[PDB]
file input38.txt (compact mmCIF, N, CA and C atoms)
# COMPACT_ATOMS: atom_id res chain seq x y z
N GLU K 3 0.71 -1.32 0.00
CA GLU K 3 0.00 0.00 0.00
C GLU K 3 0.74 1.37 0.00
N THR K 4 0.01 2.48 -0.06
CA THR K 4 0.60 3.83 -0.11
C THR K 4 0.46 4.54 1.24
N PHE K 5 1.56 5.09 1.76
CA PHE K 5 1.51 5.73 3.08
C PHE K 5 0.32 6.69 3.23
N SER K 6 0.18 7.62 2.29
CA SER K 6 -0.87 8.64 2.39
C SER K 6 -2.25 8.02 2.40
N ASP K 7 -2.44 6.98 1.59
CA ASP K 7 -3.71 6.25 1.58
C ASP K 7 -4.01 5.56 2.90
N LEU K 8 -3.01 4.96 3.55
CA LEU K 8 -3.20 4.37 4.88
C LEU K 8 -3.46 5.45 5.93
N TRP K 9 -2.69 6.53 5.85
CA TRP K 9 -2.79 7.61 6.82
C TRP K 9 -4.17 8.26 6.81
N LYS K 10 -4.72 8.45 5.62
CA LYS K 10 -6.05 9.05 5.45
C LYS K 10 -7.17 8.25 6.11
N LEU K 11 -6.97 6.94 6.26
CA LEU K 11 -7.94 6.06 6.90
C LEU K 11 -8.00 6.21 8.43
N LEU K 12 -6.99 6.84 9.04
CA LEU K 12 -6.94 6.99 10.50
C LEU K 12 -8.08 7.87 11.06
N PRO K 13 -8.78 7.37 12.09
CA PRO K 13 -9.79 8.20 12.73
C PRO K 13 -9.20 9.30 13.61
N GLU K 14 -10.04 10.26 13.99
CA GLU K 14 -9.68 11.24 15.02
C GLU K 14 -9.85 10.58 16.39
N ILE M 1 -16.46 25.93 24.68
CA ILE M 1 -16.16 25.50 23.28
C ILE M 1 -15.56 26.64 22.47
N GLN M 2 -14.84 26.27 21.41
CA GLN M 2 -14.32 27.21 20.44
C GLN M 2 -13.99 26.44 19.16
N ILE M 3 -13.56 27.15 18.13
CA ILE M 3 -13.29 26.53 16.83
C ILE M 3 -12.14 25.56 16.89
N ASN M 4 -11.03 25.97 17.48
CA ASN M 4 -9.94 25.04 17.67
C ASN M 4 -10.24 24.06 18.81
N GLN M 5 -9.55 22.94 18.79
CA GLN M 5 -9.77 21.85 19.74
C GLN M 5 -8.61 21.63 20.68
N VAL M 6 -7.39 21.71 20.15
CA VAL M 6 -6.20 21.37 20.93
C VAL M 6 -5.02 22.33 20.75
N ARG M 7 -4.15 22.35 21.76
CA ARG M 7 -2.87 23.03 21.70
C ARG M 7 -1.82 21.97 21.85
N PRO M 8 -0.96 21.80 20.83
CA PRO M 8 0.10 20.80 20.95
C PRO M 8 1.19 21.26 21.92
N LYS M 9 1.76 20.32 22.67
CA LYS M 9 2.92 20.64 23.49
C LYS M 9 4.13 20.89 22.59
N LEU M 10 5.13 21.57 23.13
CA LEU M 10 6.25 22.07 22.33
C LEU M 10 6.86 21.12 21.28
N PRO M 11 7.28 19.89 21.66
CA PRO M 11 7.93 19.07 20.63
C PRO M 11 7.00 18.70 19.49
N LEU M 12 5.72 18.50 19.80
CA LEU M 12 4.74 18.23 18.76
C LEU M 12 4.46 19.49 17.93
N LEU M 13 4.43 20.66 18.56
CA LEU M 13 4.25 21.92 17.80
C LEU M 13 5.37 22.08 16.77
N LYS M 14 6.61 21.81 17.18
CA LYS M 14 7.75 21.81 16.26
C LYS M 14 7.56 20.90 15.05
N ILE M 15 7.06 19.69 15.27
CA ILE M 15 6.83 18.75 14.19
C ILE M 15 5.79 19.33 13.23
N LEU M 16 4.69 19.87 13.77
CA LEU M 16 3.60 20.38 12.95
C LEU M 16 4.06 21.60 12.14
N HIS M 17 4.80 22.50 12.78
CA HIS M 17 5.41 23.62 12.06
C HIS M 17 6.35 23.14 10.93
N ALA M 18 7.17 22.13 11.21
CA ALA M 18 8.07 21.56 10.20
C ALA M 18 7.33 21.03 8.98
N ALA M 19 6.10 20.57 9.18
CA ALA M 19 5.24 20.09 8.08
C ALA M 19 4.45 21.20 7.39
N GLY M 20 4.59 22.43 7.86
CA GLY M 20 3.91 23.58 7.23
C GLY M 20 2.67 24.09 7.95
N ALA M 21 2.40 23.58 9.16
CA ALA M 21 1.25 24.06 9.94
C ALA M 21 1.54 25.47 10.42
N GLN M 22 0.53 26.33 10.42
CA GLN M 22 0.69 27.71 10.88
C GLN M 22 -0.14 27.96 12.13
N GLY M 23 0.46 28.66 13.08
CA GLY M 23 -0.20 29.03 14.33
C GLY M 23 0.11 28.02 15.40
N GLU M 24 -0.64 28.05 16.48
CA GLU M 24 -0.35 27.08 17.51
C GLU M 24 -1.52 26.48 18.27
N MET M 25 -2.73 26.66 17.74
CA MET M 25 -3.88 25.87 18.15
C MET M 25 -4.54 25.33 16.90
N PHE M 26 -5.12 24.14 17.03
CA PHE M 26 -5.57 23.38 15.88
C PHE M 26 -6.81 22.55 16.16
N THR M 27 -7.50 22.14 15.09
CA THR M 27 -8.48 21.07 15.17
C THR M 27 -7.72 19.77 15.10
N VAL M 28 -8.30 18.69 15.60
CA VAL M 28 -7.61 17.41 15.58
C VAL M 28 -7.35 16.97 14.14
N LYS M 29 -8.29 17.27 13.23
CA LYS M 29 -8.07 17.00 11.81
C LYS M 29 -6.78 17.64 11.27
N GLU M 30 -6.53 18.88 11.66
CA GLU M 30 -5.34 19.59 11.22
C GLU M 30 -4.09 18.91 11.78
N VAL M 31 -4.13 18.50 13.05
CA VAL M 31 -3.01 17.79 13.69
C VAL M 31 -2.68 16.51 12.92
N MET M 32 -3.70 15.72 12.63
CA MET M 32 -3.50 14.45 11.90
C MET M 32 -2.95 14.69 10.50
N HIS M 33 -3.49 15.68 9.80
CA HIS M 33 -3.03 16.02 8.45
C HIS M 33 -1.56 16.41 8.43
N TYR M 34 -1.19 17.36 9.27
CA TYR M 34 0.19 17.81 9.31
C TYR M 34 1.18 16.77 9.85
N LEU M 35 0.74 15.91 10.77
CA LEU M 35 1.60 14.83 11.24
C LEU M 35 1.88 13.86 10.08
N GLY M 36 0.86 13.54 9.30
CA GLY M 36 1.03 12.71 8.10
C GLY M 36 1.96 13.39 7.11
N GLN M 37 1.80 14.70 6.92
CA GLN M 37 2.65 15.45 5.99
C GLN M 37 4.12 15.40 6.40
N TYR M 38 4.38 15.61 7.69
CA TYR M 38 5.72 15.49 8.27
C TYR M 38 6.39 14.15 7.94
N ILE M 39 5.69 13.07 8.22
CA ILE M 39 6.16 11.72 7.92
C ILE M 39 6.43 11.54 6.42
N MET M 40 5.53 12.08 5.60
CA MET M 40 5.68 12.01 4.14
C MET M 40 6.90 12.75 3.61
N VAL M 41 7.10 13.99 4.04
CA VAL M 41 8.20 14.81 3.50
C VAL M 41 9.55 14.61 4.20
N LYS M 42 9.54 14.11 5.44
CA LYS M 42 10.77 13.62 6.05
C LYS M 42 11.08 12.20 5.54
N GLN M 43 10.14 11.59 4.82
CA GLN M 43 10.26 10.23 4.30
C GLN M 43 10.69 9.23 5.38
N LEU M 44 9.94 9.23 6.48
CA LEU M 44 10.18 8.31 7.60
C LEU M 44 9.55 6.93 7.40
N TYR M 45 8.60 6.81 6.47
CA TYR M 45 7.97 5.53 6.16
C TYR M 45 8.88 4.67 5.27
N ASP M 46 8.76 3.35 5.38
CA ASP M 46 9.58 2.46 4.57
C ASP M 46 9.03 2.44 3.15
N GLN M 47 9.87 2.80 2.17
CA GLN M 47 9.45 2.79 0.75
C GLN M 47 8.82 1.46 0.32
N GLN M 48 9.37 0.35 0.80
CA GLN M 48 8.87 -0.99 0.48
C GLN M 48 7.63 -1.37 1.27
N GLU M 49 7.58 -0.98 2.54
CA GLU M 49 6.54 -1.40 3.46
C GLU M 49 5.94 -0.16 4.12
N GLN M 50 5.01 0.49 3.42
CA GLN M 50 4.66 1.90 3.72
C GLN M 50 3.71 2.11 4.89
N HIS M 51 3.24 1.03 5.51
CA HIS M 51 2.53 1.16 6.79
C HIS M 51 3.53 1.38 7.93
N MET M 52 4.79 1.02 7.69
CA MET M 52 5.84 1.13 8.70
C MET M 52 6.54 2.47 8.65
N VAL M 53 6.53 3.14 9.80
CA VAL M 53 7.19 4.42 9.99
C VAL M 53 8.39 4.21 10.91
N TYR M 54 9.58 4.53 10.42
CA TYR M 54 10.79 4.45 11.21
C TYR M 54 11.15 5.85 11.72
N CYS M 55 10.91 6.07 13.01
CA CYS M 55 11.03 7.39 13.63
C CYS M 55 12.18 7.49 14.64
N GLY M 56 12.94 6.40 14.79
CA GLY M 56 14.12 6.42 15.63
C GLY M 56 15.09 7.48 15.15
N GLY M 57 15.60 8.27 16.09
CA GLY M 57 16.52 9.36 15.76
C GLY M 57 15.84 10.62 15.25
N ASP M 58 14.51 10.61 15.19
CA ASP M 58 13.73 11.79 14.86
C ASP M 58 13.01 12.24 16.11
N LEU M 59 12.68 13.52 16.17
CA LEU M 59 11.89 14.04 17.28
C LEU M 59 10.55 13.29 17.45
N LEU M 60 9.96 12.83 16.35
CA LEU M 60 8.73 12.03 16.41
C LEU M 60 8.92 10.72 17.21
N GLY M 61 10.05 10.06 16.99
CA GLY M 61 10.41 8.85 17.76
C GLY M 61 10.63 9.14 19.23
N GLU M 62 11.29 10.26 19.53
CA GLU M 62 11.42 10.80 20.90
C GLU M 62 10.05 10.89 21.55
N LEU M 63 9.12 11.54 20.85
CA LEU M 63 7.74 11.72 21.32
C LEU M 63 6.98 10.40 21.52
N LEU M 64 7.11 9.50 20.55
CA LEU M 64 6.45 8.20 20.65
C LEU M 64 7.13 7.27 21.65
N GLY M 65 8.42 7.51 21.91
CA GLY M 65 9.22 6.60 22.74
C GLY M 65 9.39 5.26 22.06
N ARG M 66 9.72 5.33 20.77
CA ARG M 66 9.70 4.18 19.87
C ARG M 66 10.62 4.41 18.70
N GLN M 67 11.23 3.33 18.20
CA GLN M 67 12.04 3.37 16.99
C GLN M 67 11.17 3.25 15.74
N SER M 68 9.97 2.69 15.89
CA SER M 68 9.04 2.57 14.77
C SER M 68 7.61 2.33 15.22
N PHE M 69 6.69 2.49 14.29
CA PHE M 69 5.32 2.10 14.53
C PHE M 69 4.62 1.80 13.21
N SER M 70 3.49 1.12 13.29
CA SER M 70 2.70 0.80 12.10
C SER M 70 1.42 1.61 12.06
N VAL M 71 1.16 2.27 10.93
CA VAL M 71 -0.13 2.97 10.76
C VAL M 71 -1.33 2.00 10.75
N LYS M 72 -1.08 0.71 10.50
CA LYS M 72 -2.12 -0.32 10.63
C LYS M 72 -2.39 -0.77 12.09
N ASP M 73 -1.49 -0.41 13.02
CA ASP M 73 -1.71 -0.59 14.46
C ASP M 73 -1.31 0.72 15.16
N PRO M 74 -2.10 1.78 14.96
CA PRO M 74 -1.71 3.14 15.36
C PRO M 74 -1.87 3.49 16.85
N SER M 75 -2.15 2.52 17.72
CA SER M 75 -2.40 2.86 19.13
C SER M 75 -1.28 3.68 19.82
N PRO M 76 0.02 3.41 19.53
CA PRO M 76 1.03 4.28 20.16
C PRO M 76 1.04 5.72 19.64
N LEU M 77 0.54 5.92 18.43
CA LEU M 77 0.36 7.25 17.86
C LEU M 77 -0.70 7.97 18.68
N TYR M 78 -1.80 7.28 18.95
CA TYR M 78 -2.88 7.89 19.71
C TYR M 78 -2.52 8.10 21.17
N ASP M 79 -1.77 7.17 21.76
CA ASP M 79 -1.18 7.38 23.08
C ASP M 79 -0.41 8.69 23.15
N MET M 80 0.49 8.87 22.19
CA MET M 80 1.35 10.04 22.15
C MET M 80 0.50 11.30 22.01
N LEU M 81 -0.47 11.28 21.09
CA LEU M 81 -1.36 12.43 20.88
C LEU M 81 -2.18 12.80 22.11
N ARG M 82 -2.65 11.79 22.85
CA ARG M 82 -3.38 12.05 24.10
C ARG M 82 -2.51 12.75 25.14
N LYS M 83 -1.23 12.40 25.14
CA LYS M 83 -0.26 12.98 26.06
C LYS M 83 0.29 14.35 25.62
N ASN M 84 0.23 14.65 24.32
CA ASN M 84 0.92 15.83 23.76
C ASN M 84 0.00 16.89 23.12
N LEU M 85 -1.31 16.68 23.23
CA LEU M 85 -2.31 17.64 22.80
C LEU M 85 -3.07 18.04 24.04
N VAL M 86 -3.06 19.32 24.36
CA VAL M 86 -3.79 19.83 25.51
C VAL M 86 -5.13 20.36 25.03
N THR M 87 -6.22 19.90 25.64
CA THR M 87 -7.52 20.35 25.16
C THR M 87 -7.70 21.82 25.50
N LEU M 88 -8.34 22.52 24.57
CA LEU M 88 -8.98 23.76 24.84
C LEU M 88 -10.42 23.29 25.04
call {"tool": "encode", "arguments": {"input": "input38.txt", "output": "structure tokens"}}
result
Amino acid sequence: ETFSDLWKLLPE
Amino acid sequence: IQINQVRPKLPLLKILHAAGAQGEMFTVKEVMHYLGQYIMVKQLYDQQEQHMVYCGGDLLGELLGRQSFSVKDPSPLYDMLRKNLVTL
């Protein structure tokens, strides 16, 4: 996978 | 209540500024965005295995108390954020 794509999935 | 949500403690504020964040109070969304940007432009993630962030020897690793972490198991990231974001 892509870092930014994984990071975007993170909740607040 | 107010528009901003949190004030980052100093070492985290430095990281957010390094990623291009302006000012010193933020919404949690802004904190997450700029933390991701920092990791991206410091290129702390493994090119081959991009869920893995190698933060040893970086201020981020100092903050996490860790040489690495996985964005697929982000609990130490959230631990650190709970400790380093002061609520307004």
call {"tool": "interface_residues", "arguments": {"input": "input38.txt", "of": "chain K", "to": "chain M", "cutoff": "8 Å", "atoms": "only C-alpha atoms", "output": "ChimeraX atom specification"}}
result
/K:3-6,8-9,12,14
call {"tool": "select_by_dssp", "arguments": {"input": "input38.txt", "residues": "chain K", "states": "alpha helix (DSSP H)", "output": "ChimeraX atom specification"}}
result
/K:5-10
call {"tool": "atom_distance", "arguments": {"input": "input38.txt", "atom1": "atom C of residue 60 of chain M", "atom2": "atom CA of residue 3 of chain M"}}
result
27.3 Å
call {"tool": "atom_distance", "arguments": {"input": "input38.txt", "atom1": "atom C of residue 22 of chain M", "atom2": "atom N of residue 76 of chain M"}}
result
25.6 Å
call {"tool": "residues_around", "arguments": {"input": "input38.txt", "residues": "residue 38 of chain M", "least_positions_apart": "4", "cutoff": "6.5 Å", "atoms": "all atoms listed in the file", "output": "ChimeraX atom specification"}}
result
/M:15,18-19,33-34,42-44
call {"tool": "atom_distance", "arguments": {"input": "input38.txt", "atom1": "atom C of residue 88 of chain M", "atom2": "atom CA of residue 10 of chain M"}}
result
16.9 Å
call {"tool": "decode", "arguments": {"input": "input38.txt", "residues": "chain M", "atoms": "C-alpha atoms", "output": "CSV table (one decimal), in the first residue's frame"}}
result
chain,number,residue,atom,x,y,z
M,1,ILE,CA,-16.2,25.5,23.3
M,2,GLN,CA,-14.3,27.2,20.4
M,3,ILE,CA,-13.3,26.5,16.8
M,4,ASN,CA,-9.9,25.0,17.7
M,5,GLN,CA,-9.8,21.8,19.7
M,6,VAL,CA,-6.2,21.4,20.9
M,7,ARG,CA,-2.9,23.0,21.7
M,8,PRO,CA,0.1,20.8,21.0
M,9,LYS,CA,2.9,20.6,23.5
M,10,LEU,CA,6.2,22.1,22.3
M,11,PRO,CA,7.9,19.1,20.6
M,12,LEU,CA,4.7,18.2,18.8
M,13,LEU,CA,4.3,21.9,17.8
M,14,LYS,CA,7.7,21.8,16.3
M,15,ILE,CA,6.8,18.8,14.2
M,16,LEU,CA,3.6,20.4,12.9
M,17,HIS,CA,5.4,23.6,12.1
M,18,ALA,CA,8.1,21.6,10.2
M,19,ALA,CA,5.2,20.1,8.1
M,20,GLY,CA,3.9,23.6,7.2
M,21,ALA,CA,1.3,24.1,9.9
M,22,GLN,CA,0.7,27.7,10.9
M,23,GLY,CA,-0.2,29.0,14.3
M,24,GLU,CA,-0.3,27.1,17.5
M,25,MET,CA,-3.9,25.9,18.2
M,26,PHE,CA,-5.6,23.4,15.9
M,27,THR,CA,-8.5,21.1,15.2
M,28,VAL,CA,-7.6,17.4,15.6
M,29,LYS,CA,-8.1,17.0,11.8
M,30,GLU,CA,-5.3,19.6,11.2
M,31,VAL,CA,-3.0,17.8,13.7
M,32,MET,CA,-3.5,14.5,11.9
M,33,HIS,CA,-3.0,16.0,8.4
M,34,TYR,CA,0.2,17.8,9.3
M,35,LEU,CA,1.6,14.8,11.2
M,36,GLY,CA,1.0,12.7,8.1
M,37,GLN,CA,2.7,15.5,6.0
M,38,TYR,CA,5.7,15.5,8.3
M,39,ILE,CA,6.2,11.7,7.9
M,40,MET,CA,5.7,12.0,4.1
M,41,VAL,CA,8.2,14.8,3.5
M,42,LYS,CA,10.8,13.6,6.0
M,43,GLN,CA,10.3,10.2,4.3
M,44,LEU,CA,10.2,8.3,7.6
M,45,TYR,CA,8.0,5.5,6.2
M,46,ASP,CA,9.6,2.5,4.6
M,47,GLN,CA,9.4,2.8,0.7
M,48,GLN,CA,8.9,-1.0,0.5
M,49,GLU,CA,6.5,-1.4,3.5
M,50,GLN,CA,4.7,1.9,3.7
M,51,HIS,CA,2.5,1.2,6.8
M,52,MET,CA,5.8,1.1,8.7
M,53,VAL,CA,7.2,4.4,10.0
M,54,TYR,CA,10.8,4.4,11.2
M,55,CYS,CA,11.0,7.4,13.6
M,56,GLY,CA,14.1,6.4,15.6
M,57,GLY,CA,16.5,9.4,15.8
M,58,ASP,CA,13.7,11.8,14.9
M,59,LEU,CA,11.9,14.0,17.3
M,60,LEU,CA,8.7,12.0,16.4
M,61,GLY,CA,10.4,8.8,17.8
M,62,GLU,CA,11.4,10.8,20.9
M,63,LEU,CA,7.7,11.7,21.3
M,64,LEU,CA,6.4,8.2,20.6
M,65,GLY,CA,9.2,6.6,22.7
M,66,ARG,CA,9.7,4.2,19.9
M,67,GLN,CA,12.0,3.4,17.0
M,68,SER,CA,9.0,2.6,14.8
M,69,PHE,CA,5.3,2.1,14.5
M,70,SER,CA,2.7,0.8,12.1
M,71,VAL,CA,-0.1,3.0,10.8
M,72,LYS,CA,-2.1,-0.3,10.6
M,73,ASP,CA,-1.7,-0.6,14.5
M,74,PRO,CA,-1.7,3.1,15.4
M,75,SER,CA,-2.4,2.9,19.1
M,76,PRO,CA,1.0,4.3,20.2
M,77,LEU,CA,0.4,7.2,17.9
M,78,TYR,CA,-2.9,7.9,19.7
M,79,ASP,CA,-1.2,7.4,23.1
M,80,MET,CA,1.3,10.0,22.1
M,81,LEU,CA,-1.4,12.4,20.9
M,82,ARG,CA,-3.4,12.1,24.1
M,83,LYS,CA,-0.3,13.0,26.1
M,84,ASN,CA,0.9,15.8,23.8
M,85,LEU,CA,-2.3,17.6,22.8
M,86,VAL,CA,-3.8,19.8,25.5
M,87,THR,CA,-7.5,20.3,25.2
M,88,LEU,CA,-9.0,23.8,24.8
